[PDB]
Amino acid sequence: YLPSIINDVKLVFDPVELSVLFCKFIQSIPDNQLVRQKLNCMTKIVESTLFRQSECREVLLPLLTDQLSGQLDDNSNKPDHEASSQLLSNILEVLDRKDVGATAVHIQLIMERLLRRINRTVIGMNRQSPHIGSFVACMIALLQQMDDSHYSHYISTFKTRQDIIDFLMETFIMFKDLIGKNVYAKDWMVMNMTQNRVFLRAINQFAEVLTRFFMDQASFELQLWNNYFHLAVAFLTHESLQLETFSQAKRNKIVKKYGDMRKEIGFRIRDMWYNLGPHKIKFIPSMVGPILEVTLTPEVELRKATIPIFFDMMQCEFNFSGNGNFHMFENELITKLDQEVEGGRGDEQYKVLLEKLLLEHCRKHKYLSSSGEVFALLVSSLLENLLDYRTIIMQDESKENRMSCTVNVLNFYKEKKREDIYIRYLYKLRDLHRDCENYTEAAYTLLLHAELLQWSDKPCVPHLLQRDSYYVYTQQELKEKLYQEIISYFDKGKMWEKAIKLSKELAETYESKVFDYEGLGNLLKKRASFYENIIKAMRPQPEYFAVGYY
Amino acid sequence: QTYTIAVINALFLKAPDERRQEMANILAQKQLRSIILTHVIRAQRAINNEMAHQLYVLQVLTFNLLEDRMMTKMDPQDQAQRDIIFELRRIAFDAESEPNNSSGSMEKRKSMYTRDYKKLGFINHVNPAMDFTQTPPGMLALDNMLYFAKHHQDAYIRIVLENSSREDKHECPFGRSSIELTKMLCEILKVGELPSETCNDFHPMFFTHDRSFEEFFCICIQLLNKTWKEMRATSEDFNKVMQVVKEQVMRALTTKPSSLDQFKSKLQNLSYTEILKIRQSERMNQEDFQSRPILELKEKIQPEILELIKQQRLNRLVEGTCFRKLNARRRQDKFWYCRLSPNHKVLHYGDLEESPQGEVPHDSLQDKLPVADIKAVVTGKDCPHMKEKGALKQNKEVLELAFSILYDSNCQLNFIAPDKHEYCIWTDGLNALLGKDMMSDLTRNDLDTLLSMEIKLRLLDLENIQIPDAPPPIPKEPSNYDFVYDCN
Amino acid sequence: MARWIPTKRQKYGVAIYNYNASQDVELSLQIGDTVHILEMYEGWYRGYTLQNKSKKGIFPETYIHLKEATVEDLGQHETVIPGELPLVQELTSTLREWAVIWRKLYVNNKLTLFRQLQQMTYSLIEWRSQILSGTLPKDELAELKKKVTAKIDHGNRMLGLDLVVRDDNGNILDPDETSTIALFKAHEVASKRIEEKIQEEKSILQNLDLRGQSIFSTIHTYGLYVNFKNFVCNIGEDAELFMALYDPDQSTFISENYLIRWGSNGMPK
């Protein structure tokens, strides 16, 4: 009840004197006592006579900052969290009201003693049990209420370069934690986009500070862009045209009140990367993967602005394809396109605009452009194949057409010798046949997969593995596993000659390569059983009908 | 329990009815009602469709055990019944009737008849027992009022003295209310009717008492007095008012409560709005269309919304329900289904064991209907398979569950449904399947609201304004055909 | 078609009824359409429909309906009671979106919650109508506004639709980047309204004793309604009616009586 008098005390007293008197009082609390209650006291204070800011701000906010900073890490503060959040809430709420006077510097101080502080605090509050949203609020309010002037003033101007880089570690990792697994129930579209707005602005400011202090001029210690670009992309990867579509005006809503963030985010990305200059070669195999999800956003503008970035990175790699090629880009490029476009996110006009831009790039530069031209043809083919594939996939359910198209693209990949997605679709096929309950053809697919593998005791490649199960896996272990289910299929396929043949080679491989005689016996006695089935069982003869298409 | 209860039904099938009452008394002395209540009326496993049949048929057993004693006529010359009603309306009218007319004269009896039936709406007081010769129900109305005089005496005498103030046409005839209500509720229940094996809906709210329908009638006659005072209706519309009221009581019954107390709640709940609520909620369409502007535009909306209705029925049928196989009373699986292919040019149908998951998508037993070739829907009786019914094999309600689309150009796809709204569903589904007009009562039932919704949302711009049918005069377009500021 | 004079006043109008298809961009358009009449002319004004701000039509002033409206709630005063024009205009917008979504709530054969949507829809149109009858005093409008926000957020919840803000006078007026903390406060208190609303819907969904408890627990100023019609008895003298209150338990009485001169034959003196 002591603060409950201050508003009328001021009316008959020196407000500064009252303020410092309360300061002298409260500062004297033995820290082992009555924490949350003294915080409530500070709240009841900060509500009132802080409207009379211009005289008591400079003498309380120091003190209040001190108490909160002490509250920062006392290792038992879990109930203190809610109360301290109330304090931050109320101080910022009063500081942002427009009838308070010049407060920029006082913010600046609150900033200077609590930014990384509450940032670390929420970095502790990562468990989704407490009132996370309160501190997330206080965070965003701190960083939007403040000004770029303040960052540049001293937040950019903290202590030693290594320390500030560690601080940046902290900020970017915790952001990337924020963009994923939003702490708000996603129903708070207002609040969610506000948070996106403020985070975007903060990231802009950090873009300037990175540019300022971490170019080739600071040739040293230049990895952070990993974290940066990853943050940018993960941010960029929601609030997409479907979401704004959900009303005609929903689009118009997010546009009018906010614009479409993606454009400026991508623009910052692209010119950040341009300014990166002579070191992009350190990024291609990594960062090609991210930049497609921006490349593939259903809009037109930033897509048109973005497409050239692939060309820029590949021709920079041409500066390193003076020795060799740029394949050590296009391989993973293609791979990423495969995953994403099969995910269901491409467009045909995407490839059209692609064609236009890539052709611009080719018809600018010399002979490497001819190479890139034929590779652009490869990319085209790739696209329209995936496009037709997808458009058929989820509509007819005609397993015949599904098999037909997937094997079309499998054949194409075979021609383009991309064994990896080859295998991917081969396993898609085994599942497709399983759901069709067709066994001979499923076995046949399994074979043509297996026949890539050889009988060398060297586990040459893990890339050939599907990512389901792997330990050391000398190739023969996988080959014999494959054969186990293959012969299982040929059994349940009720066709045997190929089965007994595969038994022949599996048996010889056992006997003269691994000497696992139990397996020898098992498979050979099963082969004998298959022989007797051949004789005893009946074989119906399927009839062959010729089907023209016209 | 299905087996044993159906055996009990069998004991009730071909026994002399007096020995039906003897064995009914045996059941009551064991109180089979309550023991069945605690065991299987508390069973929460897959309660048999044969339980559906058993509950219905046991209700019918009770019902006919009342029927065989009610169809006969209580003679209006029964001096025994003269004494019976004498003491009954003693304990009823003993507030207007002295306790002395127990020792009194038949002359005071006739005077009490005339006064208490000019206050309870009877036209004759020299032969008062004339209204006792129409069964439904006859005597059981007197049994009703007996048992009410035994138990509900407070509200009983309250009825007796509350009818004692209105001598205009707002007076309610307890005798005539009783006869009317009892016979027509008998008809709504179809009390004591022949075995209908397709009746799989039942009345647990009366599996919980022995005089359940008696006390039901009294609680609903308090409902009656409430309803009379709801409209303040005269006795000229006595038949009109109470027919409407029992329409509402049918609504309350059809809400299907499974407890007596919940239906008492419903006796409270049915407001005078319910008397008019939906029966006039079908009319907002016609007030909308009485003026042209709603009327004159709506006629282009239907293809959108009729398409919606038909295609919604289609989407229902794509999964589809499981019909019943004809006369599989000899322990054959009745619930056969028919799947509507997402292609909708073929059907997938057959009979299996009961599937609480609905239909199992599989290439069914016989798996075809050429939608193009198959043409004619024999809507109900027109099925040649059941065209031979006389009146006993099929009656005039199964064809509202049964019909066929032809098939093979020779044979019928005989149909059955658990109920009739989904009969409407399947009908208009197959109906749309040919590009031909919708013939479900629910179709013309639900266009209104959805059409009403579209028009009301379309008129969100036209509030507190007036328009006539006559359009305003039309100015002319001058020949400066390009803009100052061009398009876009 | 030339001679185009613009003014922001006209950018928002509607039509009287169906049009005619005499010319090309003059087709028999719909009855009520907020159209973009950007520019004005002698005989026919421009029009860019709600459904396409770019689709063209030169419609006549005569067939412009009673709407020269604008985004200005002040000018024509066909925005009769400004400030509540917001609430009603987003009221209309949300009703349109509700109708759209439940239109495809058929295969969501949720006829239960579908029909509650229709109930809320009728309730909403009649509520808005009463608001358009804005002759009412201020407290009624306040309480109506509060329960309107309630029903809107209700629907958006079960419909899986976004939350609105700004408890008072507009449901939206926050976006002004007023205060992220105030924004959080509004969001949290409204969300609490949301879960408490779901649980009070389940409360009021089966039995309705708790509503009696609540309504009789807010304010406790009660009186006893002696809904007397007739006295069923006869004493012969001026029998005098004295009601009163007594606790069977506290062994003490509560209120005081009232004399009623009832007559000597069960009639009133």
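Residues 240-727, in that order, are what chain B shows, numbered as in Swiss-Prot.
Cβ atoms are placed via backbone N, Cα and C, with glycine included.
Features as listed in Swiss-Prot:
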type	residues	note
DOMAIN	B:319-492	domain 'ELMO'
DOMAIN	B:555-676	domain 'PH'
MOD_RES	B:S344	phosphoserine
MOD_RES	B:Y395	phosphotyrosine
MOD_RES	B:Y511	phosphotyrosine
MOD_RES	B:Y720	phosphotyrosine
MOTIF	B:707-714	motif 'SH3-binding'
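The structure, with features from Swiss-Prot marked on it.
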| residue | record | DSSP class |
| --- | --- | --- |
| B:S344 | phosphoserine | coil |
| B:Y395 | phosphotyrosine | helix |
| B:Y511 | phosphotyrosine | helix |
| B:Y720 | phosphotyrosine | coil |
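The C-beta environment of B:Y511 (phosphotyrosine), restricted to residues of the same chain at least 6 apart in sequence and closer than 8 Å, consists of B:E469, B:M470. Cα spacing between B:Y720 (phosphotyrosine) and B:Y395 (phosphotyrosine): 87 Å, rounded to the nearest whole number. In sequence order, the modified residues near chain C, meaning those of B:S344, B:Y395, B:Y511, B:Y720 whose CB lies under 8 Å from a CB of that chain, are B:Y720. The residue listed as 'phosphoserine' is 25 Å away from B:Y395 (phosphotyrosine) when you measure Cα to Cα. Of all Cβ atoms in the protein chains displayed, 10 besides its own lie within 10 Å of the Cβ of B:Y720 (phosphotyrosine). For the residue listed as 'phosphoserine', the count of additional Cβ atoms within 10 Å of its Cβ stands at 9 [all protein chains shown]. Neighbour count (other Cβ atoms within 10 Å of the Cβ, all protein chains): 16 for B:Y395 (phosphotyrosine).
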